[PDB]
Amino acid sequence: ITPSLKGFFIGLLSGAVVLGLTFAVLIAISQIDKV
Amino acid sequence: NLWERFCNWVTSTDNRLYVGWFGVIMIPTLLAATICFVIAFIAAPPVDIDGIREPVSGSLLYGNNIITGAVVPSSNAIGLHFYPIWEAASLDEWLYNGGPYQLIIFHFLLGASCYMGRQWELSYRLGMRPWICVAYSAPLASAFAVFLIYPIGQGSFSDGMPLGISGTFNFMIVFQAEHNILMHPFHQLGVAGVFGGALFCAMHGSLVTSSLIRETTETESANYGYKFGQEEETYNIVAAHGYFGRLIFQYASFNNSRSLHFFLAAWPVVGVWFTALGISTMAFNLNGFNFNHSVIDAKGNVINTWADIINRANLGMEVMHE
Amino acid sequence: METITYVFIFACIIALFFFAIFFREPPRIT
Amino acid sequence: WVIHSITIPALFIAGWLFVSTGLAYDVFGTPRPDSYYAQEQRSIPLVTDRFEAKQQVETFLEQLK
Amino acid sequence: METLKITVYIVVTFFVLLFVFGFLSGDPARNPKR
Amino acid sequence: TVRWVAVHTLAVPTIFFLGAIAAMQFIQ
Amino acid sequence: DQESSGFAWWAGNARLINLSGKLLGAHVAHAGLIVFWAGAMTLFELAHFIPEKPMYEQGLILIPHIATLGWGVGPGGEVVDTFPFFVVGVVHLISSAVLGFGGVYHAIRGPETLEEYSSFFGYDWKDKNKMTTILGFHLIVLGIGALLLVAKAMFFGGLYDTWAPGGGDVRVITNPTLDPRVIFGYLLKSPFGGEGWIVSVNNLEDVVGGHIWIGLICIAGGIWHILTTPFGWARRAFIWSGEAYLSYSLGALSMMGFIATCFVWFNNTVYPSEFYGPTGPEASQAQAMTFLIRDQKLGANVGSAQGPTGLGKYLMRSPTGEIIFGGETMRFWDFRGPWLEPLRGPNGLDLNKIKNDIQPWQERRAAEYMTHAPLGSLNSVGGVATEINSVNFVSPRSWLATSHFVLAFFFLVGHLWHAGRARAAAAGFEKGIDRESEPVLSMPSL
Amino acid sequence: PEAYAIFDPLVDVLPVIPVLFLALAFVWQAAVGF
Amino acid sequence: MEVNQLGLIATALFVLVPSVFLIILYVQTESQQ
Amino acid sequence: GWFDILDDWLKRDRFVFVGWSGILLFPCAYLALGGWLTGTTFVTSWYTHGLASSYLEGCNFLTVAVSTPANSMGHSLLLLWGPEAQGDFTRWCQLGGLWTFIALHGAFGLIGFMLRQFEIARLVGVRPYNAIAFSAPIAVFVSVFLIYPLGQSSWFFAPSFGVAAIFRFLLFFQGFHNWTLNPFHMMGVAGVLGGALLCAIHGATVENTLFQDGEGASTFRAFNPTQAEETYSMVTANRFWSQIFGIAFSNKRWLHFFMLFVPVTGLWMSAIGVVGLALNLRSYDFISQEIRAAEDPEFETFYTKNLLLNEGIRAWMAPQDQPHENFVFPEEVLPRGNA
Amino acid sequence: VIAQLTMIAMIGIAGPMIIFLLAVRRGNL
Ligand code: CLA
Ligand code: CLA
Ligand SMILES: C=Cc1c(C)c2cc3nc(c4c5[nH]c(cc6nc(cc1[nH]2)C(C)=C6CC)c(C)c5C(=O)[C@@H]4C(=O)OC)[C@@H](CCC(=O)OC/C=C(\C)CCC[C@H](C)CCC[C@H](C)CCCC(C)C)[C@@H]3C
Ligand SMILES: CCCCCCCCCCCCCCCC(=O)O[C@H](COC(=O)CCCCCCCCCCCC)CO[C@@H]1O[C@@H](CO)[C@H](O)[C@H](O)[C@@H]1O
Ligand code: HEM
Ligand SMILES: CC1=C(/C=C/C(C)=C/C=C/C(C)=C/C=C/C=C(C)/C=C/C=C(C)/C=C/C2=C(C)CCCC2(C)C)C(C)(C)CCC1
Ligand SMILES: CC1=C(/C=C/C(C)=C/C=C/C(C)=C/C=C/C=C(C)/C=C/C=C(C)/C=C/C2=C(C)CCCC2(C)C)C(C)(C)CCC1
Ligand SMILES: CC1=C(/C=C/C(C)=C/C=C/C(C)=C/C=C/C=C(C)/C=C/C=C(C)/C=C/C2=C(C)CCCC2(C)C)C(C)(C)CCC1
Ligand SMILES: CCCCCCCCCCCCO[C@@H]1O[C@H](CO)[C@@H](O[C@H]2O[C@H](CO)[C@@H](O)[C@H](O)[C@H]2O)[C@H](O)[C@H]1O
Ligand SMILES: [Ca+2]
Ligand SMILES: [Fe+2]
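Residues numbered from 1 in each chain as written, not as in the entry; some residues may be left out. Chains lettered and ligands numbered in written order. Part of a larger assembly, values for the part shown. Heavy atoms only, no water. Residues with missing side-chain atoms left out of burial classes, pairs and counts.

S.K.: If you had to explain the overall build of chain E to someone new, which residues and values would you point to?
M.R.: Counting its secondary structure elements, chain E contains 1 helix and 0 strands. When the backbone C-alpha atoms are referred to their principal axes, chain E occupies close to 50 × 15 × 5 Å. Across the 34 residues that make up chain E, the buried fraction comes to 24%. Surface exposure of chain E reaches about 2400 Å², of which carbon and sulfur atoms provide 75%. (Helix = DSSP H or I, 4+ residues; strand = E, 2+ residues; numbered from the N terminus. Buried < 20%, exposed > 50% of the residue type's maximum accessible area, 1.4 Å probe, protein only. Areas by Shrake-Rupley, 256 points an atom, 1.4 Å probe, with all protein chains shown as cover.)

Here's what the structure looks like:
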């Protein structure tokens, strides 16, 4: 695990999570306002 | 009577091309411009801009693609003087000093003006609200600006636009050198005026094509279903309204076509007027503000903001021209 | 050679104009 | 009409300070009005190559006069 | 050269002369309505 | 709700940059 | 009123077409502004004004006018006492205070229509008589002032002089030139290069003698119209109606602009290059001579010479018998300024004479016009076009010609706008094409 | 002039107020409300 | 003056073939009953 | 209805309309704008171009923008962590990585707008000539800001996202790439103008033909948008233009579709040229005249005069514009006129 | 400046005031 690889890992790791977290918010919110 | 009958024929609308009273100037002058143009464009003796040195061949017969070929404007030696045929000593003298330029633009302009009216005096005789001639002022403003006006600021038609596809490019660049037109605000609106014209031209073109009440089969062309003279509405506003009304917030959708189409025609026009003002502002040497040494350190060194790069490039060009 | 192509190309333009103005099929009403 | 006499003033003053405090300087790394040319040596501290710049920007900034 | 001078004058004078009377004679009278 | 989330997350930073604009013009 | 009787608000002024009582309220108020603006700039400029330096240096668009009538100027363009400048501006302000006050009075408490309170003042747009009656009075009044100029020219004080045998400043004209030979035939000159149309006006006394005619022509005009009534050929054309009157006004007013654009930019006679700044043609002209003298001064003879461009270093021989400057300046060999012409000999410049005949003012002044060659930016970044951040100005002579042009341009459009709406209105279909019967609907189909 | 020496803002801005009339028209439309 | 020797054929084919292809389609349409 | 309930929520009716694309768009878009302003105010361009244009220095509105990472910084994407930034924020702004932050977040945002411009349709029923029309800026944006830099030594060559920035990018072509004469760019100037022109001429004609549905002089409020017949007679407008310019449009359909066409086709045929110019295939000296120019100096065309101009721009602009190259030109060497 | 600036702010604010007083009066418009 060199600097680049480790560094790159950090990006995607938090990156994906951030992207994935949005989905939860949307998913949850929708469930909240069920017509 | 002959006159009363003749007058009735000019005004008459049955003609395949309407010639109003403005057509009495328009038709002969333009037809005289073109004839003396295309010829002069094809065969121009190597018109000289400065009697000192350098003849310029913008003619088509001499080794010129359409791109490079242009009618050279009049020389500086001739200055701004009215320089018709007979006033010039010899015919070849009248060509060698750049006569045909000064001949075309006069008949062209004085032709272009009467055209602006000819659109009017037709509209008056078809019984329709006549504002087209207002809209047409925008190009005609630009025409007078670059052809007639700007050289007056320079006192010579030499600095006027050489008319041709390379000639025009040469003009702007050199014009950019001296007056720094890019940073000028009036031009910076003219850009908006042109884009937003092209922009709106796409949307108002798109949204209405998007919504078409379907009289056509899928195999058949979609256009042909429109019958010239349909008193049905060919395009749903209710459908297309909410479209743009959903795409962005519903408040701005311009419910009213009569409200829209006007705004459609105000944006490009008013955009262009400022340019023909932006030029005339330049022709008098009132230039675009160039922010220069806007930044400086405590040490007196020049932090050299972008505008300086442009300020240099222009400073580069002007030396090149002379 | 060079020039004579341009005049030719430019000619057919004009020969289109005069041709396209007068000879268009009138789009009748209804 | 309630907290809009509170939020805006307290918040707008923050932006006022980060300029006044100059906190924005070392946050965004903008040069300071006196800081361009360390010593005299008038030349562009132009960052050059990769896998360096983090260290190379240090050099230009290191001197600072 | 010189003959051309007077010629242009005559020709230009003619149109412009032919031009004004069109309006100086009953131009508004020519229109769909009145 | 929905609308509030728009302006709040948009115009709020605007008020925060206006500090930077003004408080700058008095530097130097 | 509201749109119900009328049209929409953004255009809402033309709701006034049929209300004369409101209409006077408009103009008198509007005229009030123009007056008020006039004196304002006067005082506004007077506060920031520096009497020592020249006027064009100050960025000053008005005081030159007042000065040009010879008040507080002094010889040498001295600008002696500013108090006459002060009196002019403040008086217009006080005058405006009356105007708008009246303008308001007709705007509100004044009668909404004048057809009753005063039948004399009452007028109908469509009437071709009582209106023409009005056209007389103004044309009389407007003709009075023209004479009232000459009252300044021939009698009270004296007007500015462009060309005096020295100093070029102040003279009271004795004999004005008047006759159709040089007056009516004057405007008959070509507009183009080398002969101005009205822009030549070599002699001052032209304008005075000229305004005499325009003085005595207009006074005839009123007396003509007051005692007359439109003829047949008039009635058949011109579309008598509320709009058209405005439409005609524009066209005239427009073409006036382009003329006014032309004077300020070229004519040195009326606007003295001295305190209006040097004319564009003179600028490069004078600069070309300062280079000439500075080199001719020291160990060099420029008379018979060639340049790197081949035309010579300074002097050339025009196709005309006169010899001129070279460089870009050759495009202006027509210019004759107060300083240059005496330096000129029978044909062109007399080189031997050029060296000797220089004055203390000329060379200095001719060099003073070197720094200012009309140029500059909207933020006023001056010097030669690409010269970098030095000598920042825009010569006021360049402002007017720019300004009035842009305005004059619009009024062409304006003229071409109302003239459309005027005639179409009279034609009745201005309201939009009629859906019942389309005029095109039944026509021979080509 | 020295008798008038100070009215700073008044003499500083007279000329802007003519523009203000155009602006007034809109406000005078605003209350009227189109 | 000197020129691309074959450049002339370029124009001709670029003029005629697209042109012709529009005619042929058109003359057909004219024959539609 | 797990996935289901999510759907209807996105597709519901609210103030604005957040579609599936909205998830992609607003975050990606709001950062682009949200980034640009920040980089505009604070982040300098100094260590990159050696010349500071940014809002917190003295610089105005027009002359500020976000410059580009330098040439020897290469084509790297400059992520926030990265090898180079190593997760350090400050040096990630100074290197101009914020630039790339704008482009990429912009592009996807720019895409996300396009998709929205679809997702509206299928739940409305309009035909999607809107999105398709919008592909022209896409091509222009992608070609200029993405394909063109990649055809160069690094990101350094690209518009800097500013008012004045784009200008030093304009003359940048005229001097080097001789752009005006590139024919693919002449098709563009056709399109734009041809768009602007016909934009104005349509809006004028239909505004000059109105059936007079209302009373008052001003006809705007005169329009009632209820199941009406065409608000303006095509019959008049047709016979109108046919007698002046000579050729008219008889199809409301064929007209508008021709509006959509020209601006679009105007840009694409320009977006081709730029790509062709990313490779430095730039349209340039005609072999005919050049060789002829070698047969005499006196022969001159408004072409030949441009080559001097394009020559001067290069030499003068070069040292400032491209400090990384470390150009020093002597004085006499600059291709000055009068020589 | 500031003194002068204050003088300018005070010197011509009759526009809005005029309308407000008139609005309160419900005079004519
Ligand atoms: C001689 C002066 C004059 C006079 C008295 C009139 C009189 C009239 N015109 Mg008119 N007009 C004139 C010149 C004149 N015109 C010119 C020169 C033009 C061409 C520009 C026009 C174009 C014109 C149009 C297009 C219309 C009129 C209309 C009218 C009628 C109502 C007035 C109106 O709409 O106000 C309206 C007042 C406003 C809209 C407020 C002004 C807002 C503008 C945008 C101000 C911008 C100017 C400013 C300097 C730029 C911004 C400042 C900058 C610092 C940013 C009235 C009969 C209307 C009509 O139908 O007539 C019957 C109408 O629609 N005029
Ligand atoms: C600047 C020139 C000007 C002038 C002189 C006028 C004048 C007028 N307009 Mg008007 N208008 C203008 C520009 C102008 N307009 C512009 C630019 C627009 C477009 C924005 C309009 C749009 C417009 C509409 C839509 C209408 C008018 C109407 C009117 C008339 C009646 C207005 C009214 O009821 O006043 C009443 C005014 C008040 C109740 C308060 C006004 C504020 C006061 C007068 C301020 C006093 C000025 C100053 C501070 C004091 C000076 C006096 C001092 C020495 C004591 C009036 C003659 C109306 C009309 O058709 O006429 C009947 C109408 O419907 N105008
Ligand atoms: C001046 C050029 C120009 C601008 C600014 C512009 C802007 C716009 N056009 C749109 C639409 C369109 N444009 C169209 C045709 C055209 N548009 C054109 C030219 C432009 N169009 C041209 C020339 C054409 C062809 C004639 C069509 C057909 C459409 C639409 O359908 C659509 C519409 O309906 O309008 C509302 C909108 C979509 C914006 C968006 O999705 O934002 C969201 C995207 C974001 C936030 C990405 C960020 C933007 C880029 C990547 C980065 C910007 C960098 C900084 C933010 C600022 C840079 C600083 C500058 C000074 C350089 C927007 C209002
Ligand atoms: C060398 C320089 C060349 C310069 C070129 C200048 C003209 C170019 C204009 C742009 C192209 C034409 C735009 C309309 C296209 C169109 O679609 O017009 C069609 C025929 O037009 C054409 O075939 C245009 C052919 C050439 C036009 C000649 C113009 C003459 C001008 C004389 C000036 C006198 C002062 C007919 O219209 C449509 O035709 C049918 C289409 O389905 C339907 O009838 C539609 O409803 C509609 O009527
Ligand atoms: C920390 C900053 C802020 C807080 C905590 C705050 C608080 C709130 C809250 C809780 C609401 C919803 C409840 C209600 O409407 O009474 C609201 C509504 C609103 N506030 Fe704020 N506010 C802030 C800043 C702002 C700003 C900068 C604006 C600028 C215009 C603003 C304008 C509004 C608007 C327009 C609404 C209506 C929201 C909607 O219609 O959906 N607020 N505010
Ligand atoms: C010289 C002089 C002077 C004086 C002045 C004068 C003498 C002037 C005049 C002028 C004038 C006196 C002008 C005139 C012109 C003309 C015109 C411009 C007019 C108008 C009208 C018309 C043009 C008409 C129209 C029409 C037509 C054309 C056609 C038919 C229809 C109608 C009728 C509508 C002075 C002192 C200043 C200075 C010096 C010089
Ligand atoms: C970079 C970055 C970022 C971003 C940020 C943001 C998000 C920002 C914000 C954004 C925004 C969202 C902001 C806003 C602002 C705004 C402004 C600042 C504006 C201003 C305006 C103006 C200035 C205007 C002006 C004017 C005019 C033009 C006319 C009239 C008058 C007036 C004055 C109004 C983040 C953190 C994410 C991440 C990291 C990095
Ligand atoms: C003081 C004085 C005086 C008087 C004067 C006057 C009285 C003036 C007036 C003034 C004026 C006349 C003013 C006005 C006002 C205005 C304003 C304050 C403006 C502002 C703005 C506005 C409010 C606008 C609005 C809007 C907006 C904001 C947006 C949208 C659109 C509109 C347009 C709606 C005298 C002479 C004795 C001298 C001494 C001192
Ligand atoms: C309304 C339309 C009116 C159009 C009017 C013009 C129509 C006339 C067309 C005649 C064209 C004659 O075309 C003529 O071709 C020859 C050779 O091909 C060109 O000649 C070219 O090659 C020859 C050698 O072959 C060289 O000596 C010459 O210097 C070079 O220009 C002429 O420059 C061109 O004029
Ligand atoms: Ca001050
Ligand atoms: Fe359309």
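S.K.: How would you summarise the overall build of chain G if you had to cite specific residues and measurements?
M.R.: For chain G, the count of helices and strands is 15 helices and 2 strands. Once the C-alpha set of chain G is aligned to its principal axes, its extents read approximately 90 × 65 × 50 Å. The long-range fraction of contacts in chain G, counting pairs at least 24 apart against all pairs at least 6 apart in sequence, stands at 62%. (Contact = heavy atoms within 4.5 Å.)

S.K.: Report on the site of ligand 2, specifying residues and quantitative values.
M.R.: In the vicinity of ligand 2 there are 15 residues, among which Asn13, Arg15 and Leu16 of chain G, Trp28 of chain H together with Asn28 of chain K approach most closely. Neighbouring residues of ligand 2 are not confined to one chain but are distributed across chains G, H and K. Take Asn13 of chain G: an N or O atom from its side chain is 2.9 Å from a nitrogen atom of ligand 2. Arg15 of chain G places a side-chain nitrogen or oxygen 2.7 Å from an oxygen atom of ligand 2. Looking at the shell around ligand 2, the elements with two or more residues in it are α1 (20-48) of chain G together with α2 (17-32) of chain H. If one sorts the elements of the shell around ligand 2 by residue count, α2 of chain H sits on top with 3 residues. (Near = heavy atom within 4 Å. Polar contact = N/O pair within 3.5 Å; in protein donor to acceptor, adjacent residues only side chain to side chain.)

S.K.: Requested: an account of the interface of chain B and chain J, with residues and values cited.
M.R.: The interface of chain B with chain J comprises 106 residues on the first partner and 113 residues on the second. Interface area for chain B against chain J, summed over the two sides, is near 9900 Å², with a carbon-plus-sulfur share of 68%. Inspection of the chain B/chain J interface yields 1 salt bridge. Among the ionic pairs, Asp213 of chain J bridges to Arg258 of chain B, the shortest N-O distance being 3.4 Å. Connecting chain B to chain J are 34 residue pairs in polar contact. (Buried area = accessible area lost by both parts, 1.4 Å probe. Salt bridge = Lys/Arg side-chain N within 4 Å of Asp/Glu carboxyl O.)

S.K.: How would you summarise the coordination of the magnesium atom of ligand 2 if you had to cite specific residues and measurements?
M.R.: Counting protein donors to the magnesium atom of ligand 2 gives just one, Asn13 of chain G (OD1), placed at 2.7 Å. Residue placement: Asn13 of chain G occurs in the segment before α1. (Donors = N, O, S within 2.8 Å, 3.2 Å for Na, K, Ca; no water.)

S.K.: Before we move on, can you summarise the domain arrangement of chain G with the specific residues and values?
M.R.: All names here are of chain G. Taken domain by domain, chain G comprises domain 1 (1-277 + 374-446) and domain 2 (278-373). If you average the C-alpha positions of domain 1 and of domain 2, the two centres end up 37 Å apart. With 20 residues of domain 1 at the contact, the number on the domain 2 side is 17 residues. Both faces combined, the contact of domain 1 with domain 2 buries some 1400 Å², and carbon together with sulfur accounts for 59% of it. When the buried area of domain 1 at its contact with domain 2 is split by residue, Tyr56, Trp163 and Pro374 rank highest and sum to 30% of it. (Domains from an automatic or database assignment.)

S.K.: How would you sum up the pattern of salt bridges? Please name residues and give values.
M.R.: The tally for this structure, following the rule as stated, stands at 26 salt bridges over all chains. Across the pair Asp159 of chain B and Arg331 of chain G runs a salt bridge, and its minimum N-O distance is 3.5 Å. A residue pair is termed interchain when its members come from two chains, as with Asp159 of chain B in the loop between α6 (137-154) and β2 (163-164) and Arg331 of chain G in the loop between β2 (323-325) and α12 (340-343). By relative accessible area, which is 10% here, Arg331 of chain G ends up buried.

S.K.: Lay out the interface of chain G and chain J in plain terms, naming residues and giving numbers.
M.R.: At the interface, 16 residues of chain G touch 17 residues of chain J. Interface area lost by chain G to chain J is led by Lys431, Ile433 and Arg435 of chain G, which between them contribute 42%. Counting across the chain G and chain J interface gives 3 salt bridges. The partner of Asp213 of chain J in a salt bridge is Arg435 of chain G, and the shortest N-O contact between them spans 2.3 Å. Of the residues that constitute the side of chain G that touches chain J, the class distribution is 8 nonpolar, 3 polar and 5 charged. (Nonpolar A, V, L, I, M, F, W, Y, C, P; charged D, E, K, R; others polar.)

S.K.: Run through the packing of aromatic side chains, naming residues and quoting values.
M.R.: In total, this model carries 80 aromatic pairs over all chains according to the counting rule given. Consider the rings of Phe200 of chain B and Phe263 of chain B, whose centres lie 5.2 Å apart with planes at 50 degrees: the pair is tilted. Note that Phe200 of chain B is positioned in helix α8 (residues 185-210) and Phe263 of chain B in helix α10 (residues 257-283), a separation of 63 residues in sequence. Judged by its relative accessible area of 19%, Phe200 of chain B is buried. Given the relative accessible area of 29%, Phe263 of chain B is considered partly exposed. Taking the centre distance of 5.3 Å and the plane angle of 40 degrees together, the rings of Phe145 of chain J and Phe161 of chain J count as tilted. (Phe/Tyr/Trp six-rings, centres within 6.5 Å; stacked < 30°, edge-to-face > 60°.)

S.K.: Tell me about the site of ligand 1, and please be specific about residues and values.
M.R.: Residue and element names in this part refer to chain G. Not every one of the 13 residues close to ligand 1 is listed here, only the nearest: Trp10, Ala11, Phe411, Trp417 and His418. At a separation of 3.1 Å, a nitrogen atom of ligand 1 approaches a polar side-chain atom of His418. Broken down by secondary-structure element, the contributors of at least two residues to the shell around ligand 1 are α9 (242-265) and α15 (396-427). Ranked by residues supplied to the shell around ligand 1, first place goes to α15 with 6 residues. Along the lines of polarity and charge, the residues of the shell around ligand 1 split into 8 nonpolar, 3 polar and 2 charged.

S.K.: Account for the UniProt feature "transmembrane region" in chain E, with residues named and values stated.
M.R.: With numbering matched to this structure, UniProt assigns "transmembrane region" to residues 8-24 of chain E. Split by type, residues 8-24 of chain E is 100% helix and 0% strand. Its first and last C-alpha atoms lie 24 Å apart. (UniProt positions renumbered as here; feature names shortened; annotations may be inferred.)

S.K.: How would you summarise unusual backbone geometry if you had to cite specific residues and measurements?
M.R.: Non-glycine residue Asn285 of chain B carries a positive phi angle of around 55 degrees. For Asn285 of chain B, the position within the fold is in the loop between α10 and α11 (306-321). Although it is not a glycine, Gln212 of chain J adopts a positive phi angle of roughly 60 degrees. Tracing the backbone through its elements, the reader meets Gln212 of chain J in the loop between α7 (183-208) and α8 (234-244).

S.K.: Can you break down helix α5 (residues 130-155) of chain G residue by residue, with the values?
M.R.: End to end, α5 of chain G covers 37 Å across 26 residues, agreeing with the expected 38 Å (1.5 Å per residue, within 8%). A positive phi of about 50 degrees marks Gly157 of chain G, the residue just after α5 of chain G. (Expected span 1.5 Å × (residues − 1).)

S.K.: Explain empty space enclosed by the protein to me, and be specific about the residues and the numbers.
M.R.: When its volume is computed, the largest cavity comes out at roughly 80 Å³. Lining the largest cavity are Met116, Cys133, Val134, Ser137, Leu140, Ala141 and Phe144 of chain B together with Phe409, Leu412, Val413 and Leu416 of chain G. Looking at the lining of the largest cavity, the elements that each hand over two or more residues are α5 (132-135) and α6 of chain B together with α15 of chain G. A breakdown of the residues in the lining of the largest cavity according to their chemical character gives 10 nonpolar, 1 polar and no charged. The volume enclosed by the second largest cavity comes to roughly 60 Å³. Lining the second largest cavity we find 14 residues, and of these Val73, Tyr160, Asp169, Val170 and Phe275 of chain G sit closest to its centre. At the level of elements, α2 (63-68) and α10 (273-276) of chain G are the ones that each hand at least two residues to the lining of the second largest cavity. Within the lining of the second largest cavity, the residues separate by chemical class into 6 nonpolar, 5 polar and 3 charged. (1 Å grid on protein atoms, 1.4 Å probe; cavity = no way out; pocket = protein on both sides within 12 Å on 5 of 7 lines; lining within 4 Å. Points joined across faces, edges and corners; volume = space filled by probe spheres on them.)

S.K.: Run through the side chain of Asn238 of chain J, naming residues and quoting values.
M.R.: Its location among the elements puts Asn238 of chain J in helix α8. Once residues lying within four places of it in the same chain are set aside, the contact partners of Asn238 of chain J are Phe228 of chain B, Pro27 of chain C together with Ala248 and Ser250 of chain J.

S.K.: Which residues make up the packing of helix α7 (residues 165-179) of chain B against α11 of chain B, and what values go with them?
M.R.: All names here are of chain B. One can describe the packing of α7 onto α11 by two numbers: an axis separation of 8 Å at closest approach and a directional angle of 115 degrees. With respect to the hand of their crossing, α7 and α11 are arranged in left-handed fashion. Here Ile173, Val174, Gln176 and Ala177 of α7 lie close against α11, whose contacting residues are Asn314, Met317, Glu318 and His321. Considered class by class, the residues forming the contact of α7 with α11 number 4 nonpolar, 3 polar and 1 charged. (Axes fitted to C-alpha atoms, helices over the stretch in contact; angles between N-to-C directions. Left-handed = near helix turned anticlockwise from the far one by under 90°.)

S.K.: Help me get a handle on the arrangement of the chains, residues and values and all.
M.R.: Looking at the 18 pairs of chains with contacts, the pair that accumulates the most is chains B and J. Here chain A and chain F are not in contact; the least distance found between their C-alpha atoms is 11 Å. Here chain E and chain I are not in contact; the least distance found between their C-alpha atoms is 35 Å.

S.K.: A description of the packing of helix α2 (residues 21-42) of chain B against helix α1 (residues 2-24) of chain E should follow, citing residues and the corresponding values.
M.R.: It is at 8 Å that the axes of α2 of chain B and α1 of chain E come closest, and there the two elements cross at 160 degrees. Our classification of the angle between α2 of chain B and α1 of chain E gives roughly antiparallel. Helix-helix and strand crossings are classified by hand; for α2 of chain B and α1 of chain E the assignment is left-handed. In this structure, α2 of chain B uses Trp21, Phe22, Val24, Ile25 and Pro28 of chain B to contact α1 of chain E, whose residues at the interface are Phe15, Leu18, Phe19, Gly22 and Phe23 of chain E. Of the residues belonging to the contact of α2 of chain B with α1 of chain E, the class tally is 9 nonpolar, 1 polar and no charged. (Parallel < 35°, antiparallel > 145°, perpendicular 65-115°, else oblique.)

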